[PDB]
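Asker: Structure incoming, see below.
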Amino acid sequence: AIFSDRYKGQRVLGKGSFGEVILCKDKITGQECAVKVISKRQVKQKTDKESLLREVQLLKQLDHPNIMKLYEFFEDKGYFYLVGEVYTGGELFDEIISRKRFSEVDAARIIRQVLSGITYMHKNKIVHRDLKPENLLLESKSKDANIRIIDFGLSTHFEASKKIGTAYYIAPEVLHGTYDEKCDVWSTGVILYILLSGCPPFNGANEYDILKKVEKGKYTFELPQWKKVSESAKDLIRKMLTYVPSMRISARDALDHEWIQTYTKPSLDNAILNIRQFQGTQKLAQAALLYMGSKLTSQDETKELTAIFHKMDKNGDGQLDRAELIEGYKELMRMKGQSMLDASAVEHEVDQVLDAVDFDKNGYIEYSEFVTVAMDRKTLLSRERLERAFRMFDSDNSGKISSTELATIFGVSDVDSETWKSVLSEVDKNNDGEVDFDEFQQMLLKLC
Amino acid sequence: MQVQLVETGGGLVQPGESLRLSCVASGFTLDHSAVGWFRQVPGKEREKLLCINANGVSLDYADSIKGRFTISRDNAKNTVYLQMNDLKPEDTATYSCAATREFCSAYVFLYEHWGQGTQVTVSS
Ligand SMILES: [Ca+2]
Ligand SMILES: [Ca+2]
Ligand SMILES: [Ca+2]
Ligand SMILES: [Ca+2]
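Following this line, the structure appears as structure tokens:
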């Protein structure tokens, strides 16, 4: 049972909480697979080895259209290799925001697939615990292809050490300690909630606040977009989001619910908008943040940032790359108050996360992107800088930002061409065709 | 005066020839400016070509112009140069230059003080 003789590694594919996904080619069978590489040094193993191996064997025995099929498992002296089938379609929410129309029917199909997979896995007595939209992938880029869930049953054995974006979906019983499979349902519920509103039912500025909200267990449907949503869906959400597990609806029961039953043979535009805002700011938001960072800093800020950036830009090309980011990281953090005693590997890892704040994805971090990093969001997106920015964008001072004004500030000046119209619409909540300060602020602060 | 960049050196040339373009700053100095050259073909969005910081050079464009175009800098003469070699019928377009503070960006929209540019035409 050895990896190198069985599979061949090529290039990194995706980012996982427990380990990193890499595309691999097979020696003898000549097929492409996806391997999750988990580090014994980086992550802790909760259960003993034999238990993990047993669970993995059971997983290798299993098969369902809505779960990630697990082919092989390899244990290296240093690392763990978890081999399964490949996925090219990417995460679900991205595909959702890619499309123009999103109705309760689509969400019903999605949740049906999810709950089907969940029901199968529960039939074999397996619990995910950590269920997120990221764990929902599409096997192919083809439209209306079905969903496959990944990292099923791995959470029980591993606990990561890196942590905001799992608090939205975690179940109260999981937070309090011991739990059963129904926690997954709760998680699914949360997703469904988002799917219909584009906002988390339990929300907060940071992990602590979000966890406070979910632990309190209280939530509402007061948001305006819920007026566009049928009552049955809200009822199903209520049954899924009950604090006490025994009273909570099971996955199998939920699969036969009235909502999912009926809606599987209007458009929730504000919802999908809020999903786009939720997701990576694939919007006017990135351009606005970059503009604010590069052009709207005070003299002291510009001086300090330019100085530090010069110190980190070793070859002086005007870009920061992986190596320069690594060599300059500890000193940058030393500058930002917050790490002398930092292991080279976690330094490379955090440097990689910052490489995930590389908006244009050219592989380099510019000065503007760098300003987002060096300046905490509290300062860069203060009330003052936001107001000044909005005032700059709003030339005629009407109180709203027009498409033409956006085209004027940072524009090739194609007001038509559906460029600026599409870019505007992604932020235009009330559909007046303009951006008031509320929407600008919500855009840059991910607020609802 | 007011603040703008002016381009010169635009003309008609045979394929495979060489041409030199100039960008002069009026109303401000290039001392703290990173200047980049961009080419726009009619009905197409502006394309990053090259950029020079206050000092160093970056090849922003796709590698189609790599090794053929050089960007130069003379602060005293307030001028940025673009040396174009081995011209192709692919290269004919409007060439203009823009400036951002200190460091060369790779987002077109962070640039300012755009110029009317110069017509560069390669024979067909
Ligand atoms: Ca560099
Ligand atoms: Ca970048
Ligand atoms: Ca206005
Ligand atoms: Ca509006």
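Line by line, the protein sequences are chains A and B. Residue numbering for the first sequence is 45 to 206, 211 to 313, 321 to 393, 396 to 505, as defined by PDB author numbering. For the second sequence, PDB author numbering assigns the number 1 to the initial residue and increments by one for each residue that follows. Quick reminder that beta carbons are idealized off the backbone N, C-alpha and C, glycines included.
Just to make sure I have the definition right: I need the residues of chain A whose C-beta is within less than 8 Å of the C-beta of residue 110 (chain B). Which are they?
Answerer: Within the second sequence, numbered from 1, the residue matching residue 110 (chain B) stands at position 110. Under the 8 Å cutoff, chain A gives 345, 346, 349, 350, 425, 467.
Asker: For ligand 3, I want to know if residue 264 (chain A) counts as a neighbour, meaning its beta carbon is within less than 7 Å of at least one of the ligand's heavy atoms.
Answerer: For the purposes of this step, residue 264 (chain A) is taken as the residue at position 216 of the first sequence. No, Cβ of residue 264 (chain A) sits at least 7 Å from all heavy atoms of ligand 3.
Asker: If we ignore side chains and look at the alpha-carbon of each, how far apart do residue 251 (chain A) and residue 282 (chain A) end up?
Answerer: Against the first sequence, residue 251 (chain A) aligns to sequence position 203. Against the first sequence, residue 282 (chain A) aligns to sequence position 234. Distance between the alpha carbons of residue 251 (chain A) and residue 282 (chain A): 18 Å.
Asker: Would residue 338 (chain A) be called buried (16 or more neighbouring beta carbons within 10 Å of its own) or exposed?
Answerer: Numbered from its first residue, the first sequence carries residue 338 (chain A) at position 283. By the neighbour-count rule (16 or more Cβ atoms within 10 Å), residue 338 (chain A) is buried.
Asker: Please state if the CB of residue 321 (chain A) and the CB of residue 221 (chain A) are separated by a distance shorter than 8 Å.
Answerer: Counting from one through the first sequence, the residue named residue 221 (chain A) turns up at place 173. Counting from one through the first sequence, the residue named residue 321 (chain A) turns up at place 266. No, these two residues do not count as a Cβ contact at 8 Å.
Asker: Three or more beta-carbon pairs under 8 Å between the segment 325-332 of chain A and the segment 498-505 of chain A, yes or no?
Answerer: Cβ pair count under 8 Å is three or more, so yes.
Asker: Would you decide whether residue 11 (chain B) is buried or exposed? Buried here means 16 or more other CB atoms lie within 10 Å of its CB.
Answerer: Working through the second sequence from its first residue, we reach residue 11 (chain B) at position 11. By the neighbour-count rule (16 or more Cβ atoms within 10 Å), residue 11 (chain B) is not buried but exposed.
Asker: Return the CA-CA distance between residue 83 (chain B) and residue 349 (chain A), expressed in angstroms with no decimal places.
Answerer: To locate residue 83 (chain B), count along the second sequence from 1; it is residue 83. To locate residue 349 (chain A), count along the first sequence from 1; it is residue 294. Roughly 29 Å between the two C-alpha positions.
Asker: Which residues in chain A sit within 8 Å of residue 93 (chain B), going by Cβ to Cβ distance?
Answerer: Counted from its first residue, the second sequence places residue 93 (chain B) at position 93. In chain order: nothing, as chain A lies at least about 14 Å away.
Asker: Just grab the DSSP bridge partners of residue 111 (chain A) for me.
Answerer: Start at 1 with the first residue of the first sequence, and residue 111 (chain A) comes out as number 67. A:193, per the DSSP bridge assignment.
Asker: Where does residue 37 (chain B) sit, in a helix, a strand or coil, going by DSSP?
Answerer: One-based indexing of the second sequence puts residue 37 (chain B) at position 37. Three-state DSSP puts residue 37 (chain B) in a strand.
Asker: Does ligand 3 have a heavy atom nearer than 7 Å to the CB of residue 459 (chain A)?
Answerer: For this step, residue 459 (chain A) is matched to residue 402 along the first sequence. Checking the Cβ of residue 459 (chain A) against ligand 3 gives yes.
Asker: Note down, in chain order, each residue of its chain lying with its Cβ closer than 8 Å to the Cβ of residue 445 (chain A), except the 5 sequence neighbours on either side.
Answerer: Taking the first sequence and counting its residues from 1, one reaches residue 445 (chain A) at position 388. The residues 351, in chain order, have a CB closer than 8 Å to that of residue 445 (chain A) in the same chain once the five nearest residues on each side in sequence are set aside.
Asker: Between residue 342 (chain A) and the rest of its own chain, which residues show a CB-CB distance below 7 Å, the 5 nearest in sequence each way excluded?
Answerer: Residue mapping note: residue 342 (chain A) aligns to position 287 of the first sequence, counting from 1. These residues qualify, in order along the chain: 467.
Asker: Over the uninterrupted alpha helix (DSSP H) stretch that includes residue 63 (chain A), give me the two end residues.
Answerer: Within the first sequence, the letter at position 19 stands for residue 63 (chain A). Looking at the DSSP string, residue 63 (chain A) is not in any alpha helix (DSSP H); the run it does join, the beta strand (DSSP E), is 63-70.
Asker: Quick one: give me the first and last residue of the beta strand (DSSP E) that residue 84 (chain B) is part of.
Answerer: In the second sequence, the residue the question calls residue 84 (chain B) occupies position 84. For residue 84 (chain B), the enclosing beta strand (DSSP E) starts and ends at 79-84.
Asker: Hey, is residue 361 (chain A)'s beta-carbon within less than 8 Å of any beta-carbon in chain B?
Answerer: On the first sequence, position 306 is the one that residue 361 (chain A) refers to. With 8 Å as the cut-off, residue 361 (chain A) counts as an interface residue toward chain B.
Asker: List the endpoints of the continuous alpha helix (DSSP H) containing residue 53 (chain A).
Answerer: The count along the first sequence starts at 1 and reaches residue 53 (chain A) at position 9. Taken as a continuous stretch (DSSP letters only), residue 53 (chain A) belongs to no alpha helix (DSSP H), being part of the beta strand (DSSP E) at 51-59.
Asker: Please confirm whether residue 23 (chain B) and residue 80 (chain B) have their CB atoms less than 8 Å apart.
Answerer: Residue 23 (chain B) sits at position 23 when you count from the first residue of the second sequence. Residue 80 (chain B) sits at position 80 when you count from the first residue of the second sequence. Going by C-beta atoms, residue 23 (chain B) is nearer than 8 Å to residue 80 (chain B).
Asker: Can you find a CB in chain A that lies within less than 8 Å of the CB of residue 46 (chain B)?
Answerer: Numbered from 1 along the second sequence, position 46 holds the residue referred to as residue 46 (chain B). Yes, residue 46 (chain B) counts as interfacial toward chain A.
Asker: Given the structure, does residue 379 (chain A) come close to ligand 2, in the sense that its CB is under 7 Å from one of the ligand's heavy atoms?
Answerer: Sequence index remark: in the first sequence, residue 379 (chain A) carries index 324 (1-based). It does not: the Cβ of residue 379 (chain A) is nowhere closer than 7 Å to a heavy atom of ligand 2.
Asker: Can you tell me where the beta strand (DSSP E) holding residue 123 (chain A) begins and where it ends?
Answerer: To locate residue 123 (chain A), count along the first sequence from 1; it is residue 79. Counting along the chain, the beta strand (DSSP E) containing residue 123 (chain A) begins and ends at 123-128.
Asker: Please indicate yes or no: does the CB of residue 444 (chain A) lie closer than 7 Å to some heavy atom of ligand 3?
Answerer: The sequence position of residue 444 (chain A) within the first sequence is 387, counting from 1. False, no ligand heavy atom lies under 7 Å from that Cβ.
Asker: Under 9 Å, CB to CB, which of the residues in the segment 363-387 of chain A have a partner in chain B?
Answerer: 364, 365, 368, 370, 371, 372, 373, 374
Asker: Between residue 147 (chain A) and residue 243 (chain A), what straight-line distance do the alpha-carbon atoms span, to the nearest angstrom?
Answerer: Numbered from its first residue, the first sequence carries residue 147 (chain A) at position 103. Numbered from its first residue, the first sequence carries residue 243 (chain A) at position 195. If I take the Cα positions, the gap works out to 10 Å.
Asker: Does at least one heavy atom of ligand 2 sit under 7 Å from the Cβ of residue 419 (chain A)?
Answerer: Translated into positions along the first sequence, residue 419 (chain A) becomes position 362. True, at least one ligand heavy atom lies under 7 Å from that Cβ.
Asker: Starting from residue 361 (chain A) and walking both ways along the alpha helix (DSSP H), at which residues does that stretch end?
Answerer: On the first sequence, position 306 is the one that residue 361 (chain A) refers to. Start and end: 354-367.
Asker: Just to confirm the assignment: which complete beta strand (DSSP E) runs, minimum length 3, are found wholly within the segment 152-204 of chain A?
Answerer: 180-182, 191-193
Asker: Straight-line CA distance for residue 52 (chain B) to residue 72 (chain B)?
Answerer: One-based indexing of the second sequence puts residue 52 (chain B) at position 52. One-based indexing of the second sequence puts residue 72 (chain B) at position 72. Distance between the alpha carbons of residue 52 (chain B) and residue 72 (chain B): 7 Å.
Asker: Taking the Cβ atom as the reference point for each residue, do residue 6 (chain B) and residue 115 (chain B) lie within a distance shorter than 8 Å?
Answerer: Position 6 of the second sequence, counting from 1, holds the residue named residue 6 (chain B). Position 115 of the second sequence, counting from 1, holds the residue named residue 115 (chain B). For residue 6 (chain B) and residue 115 (chain B), yes; Cβs fall inside 8 Å.
Asker: Do the segment 88-98 of chain B and the segment 478-486 of chain A touch if we need at least three Cβ pairs shorter than 8 Å?
Answerer: no
Asker: Of all Cβ atoms in chain B, is any one closer than 8 Å to the Cβ of residue 451 (chain A)?
Answerer: Sequence index remark: in the first sequence, residue 451 (chain A) carries index 394 (1-based). Not one chain B Cβ lies under 8 Å of residue 451 (chain A).
Asker: Just to check, is the beta-carbon of residue 487 (chain A) closer than 7 Å to a non-hydrogen atom of ligand 4?
Answerer: Reading the first sequence from its first residue, position 430 is the one you call residue 487 (chain A). Answer for residue 487 (chain A): yes, Cβ within range of ligand 4.
Asker: Do we get a CB-CB distance below 8 Å when we pair residue 56 (chain B) with the residues of chain A?
Answerer: Counted from its first residue, the second sequence places residue 56 (chain B) at position 56. Yes - at least one Cβ of chain A is within 8 Å of the one on residue 56 (chain B).
Asker: What is the rounded straight-line gap between the Cα of residue 105 (chain A) and the Cα of residue 180 (chain A)?
Answerer: Position 61 of the first sequence, counted from the start, is the residue given in the question as residue 105 (chain A). Position 136 of the first sequence, counted from the start, is the residue given in the question as residue 180 (chain A). Cα to Cα, the separation comes out at about 21 Å.
Asker: Count the C-beta pairs between the segment 166-185 of chain A and the segment 250-270 of chain A that are closer than 8 Å, then say yes if the count reaches three, no if not.
Answerer: no
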